[PDB]
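Have a look at the structure below, then the notes.
Protein chains: 2
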Amino acid sequence: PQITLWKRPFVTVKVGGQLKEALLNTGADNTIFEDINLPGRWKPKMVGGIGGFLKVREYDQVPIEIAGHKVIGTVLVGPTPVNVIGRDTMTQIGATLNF
Amino acid sequence: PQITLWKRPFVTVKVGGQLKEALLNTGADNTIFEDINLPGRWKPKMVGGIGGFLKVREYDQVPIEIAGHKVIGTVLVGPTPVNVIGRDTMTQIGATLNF
Ligand SMILES: [Cl-]
Ligand SMILES: [Cl-]
Ligand SMILES: [Cl-]
Ligand SMILES: [Cl-]
Ligand code: NA
Ligand code: NA
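Residue numbers (the numbering used here), protein chains in the order written: chain A, 1 to 99; chain B, 1 to 99.
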């Protein structure tokens, strides 16, 4: 797809078999969801930095599908204002910024 | 240009005549800098939401140049961990996310 930026760029994504909406966020290193029930085992992971740490769950080797692009990636679960697709997943689907 | 996402997408920009590095951030509604000396007058703007509201400075009709594309747009000055080019500026230069 070719995604314009007039509104926040949400897409439908299937993650760990769960169908969700998430924002394509070139400002985020990692992909993170709240309110999801993923398969498999998780380990805790610290993200953020001083003044803004967050302890989240990290699920690895999770199947992710966006617009028919099927990849396997890491997915964090924890507090986030919106679900976020970060660079780590966007690089696997071959996404680019163009202008 | 066409920019891949293996690294954070920093670009050189000239904003209000000031040469800076800033991150192309599709998860940001607004372009925002800390530490910049913009021309003209500013008005207060409320930003944020659930995590907290804060008043920042809004400069309007500011010249912005990125990769030879010249536009005029809004630039906020307030706390941010990185200089950000948000969707408002990216829409004016015709940027899209593609995969
Ligand atoms: Cl959702
Ligand atoms: Cl980087
Ligand atoms: Cl800079
Ligand atoms: Cl305030
Ligand atoms: Na400078
Ligand atoms: Na102005």
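The beta-carbon is built from N, C-alpha and C at its ideal position, and this holds for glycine as well.
Closer than 8 Å: residue i CB and nearest ligand 3 heavy atom
{"i": "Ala-22/A", "result": "no"}
beta-carbon residue i near ligand 1 non-hydrogen atom, thresh 8 Å
{"i": "residue 105/B", "result": "Beyond the ends of chain B as shown, which are 1 and 99, falls residue 105/B; an answer cannot be given."}
Residue i vs residue j beta-carbon contact at 9 Å
{"i": "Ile-66/A", "j": "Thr-12/A", "result": "yes"}
{"i": "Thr-91/A", "j": "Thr-96/B", "result": "no"}
{"i": "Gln-18/A", "j": "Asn-37/A", "result": "yes"}
{"i": "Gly-78/A", "j": "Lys-55/A", "result": "yes"}
{"i": "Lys-7/B", "j": "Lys-14/B", "result": "no"}
{"i": "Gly-49/A", "j": "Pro-81/B", "result": "yes"}
{"i": "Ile-64/A", "j": "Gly-73/A", "result": "yes"}
{"i": "residue 109/A", "j": "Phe-99/B", "result": "Outside the shown range of chain A (1 to 99) lies residue 109/A, about which nothing can therefore be said."}
{"i": "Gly-16/B", "j": "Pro-1/B", "result": "no"}
{"i": "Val-75/B", "j": "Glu-58/B", "result": "yes"}
Proximity test, residue i beta-carbon vs ligand 5 heavy atom, cut-off 8 Å
{"i": "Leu-19/A", "result": "no"}
Proximity test, residue i beta-carbon vs ligand 6 heavy atom, cut-off 8 Å
{"i": "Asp-88/B", "result": "no"}
{"i": "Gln-92/B", "result": "no"}
Would you say the region 21–39 of chain B touches the region 25–34 of chain A, given that touching needs at least three Cβ pairs under 8 Å? yes
Below 7 Å between beta carbons is the criterion; list the residues of the region 29–55 of chain A that meet it against any residue of chain B, in chain order. none
How about the region 79–91 of chain B and the region 31–38 of chain B: do they share at least three Cβ pairs that are nearer than 8 Å? yes
Quiz: which residues have CB nearer than 7 Å to ligand 2 non-hydrogen atoms: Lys-7/B and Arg-8/B
Listed in chain order, which residues are found with a beta carbon closer than 6 Å to a heavy atom of ligand 4? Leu-54/B and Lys-55/B
Closer than 7 Å: residues whose CB approaches a heavy atom of ligand 6: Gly-40/B, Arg-41/B, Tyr-59/B, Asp-60/B, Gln-61/B and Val-62/B
The region 4–24 of chain A: which residues have C-beta closer than 9 Å to a C-beta of chain B, in chain order? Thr-4, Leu-5, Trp-6, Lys-7, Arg-8, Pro-9, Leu-23 and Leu-24
What are the residues of the region 85–98 of chain A that lie near chain B, defined by any Cβ-Cβ distance shorter than 7 Å? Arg-87, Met-90, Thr-91, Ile-93, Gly-94, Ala-95, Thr-96, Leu-97 and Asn-98
The region 59–84 of chain A: which residues have C-beta closer than 9 Å to a C-beta of chain B, in chain order? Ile-66, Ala-67, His-69, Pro-81, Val-82 and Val-84
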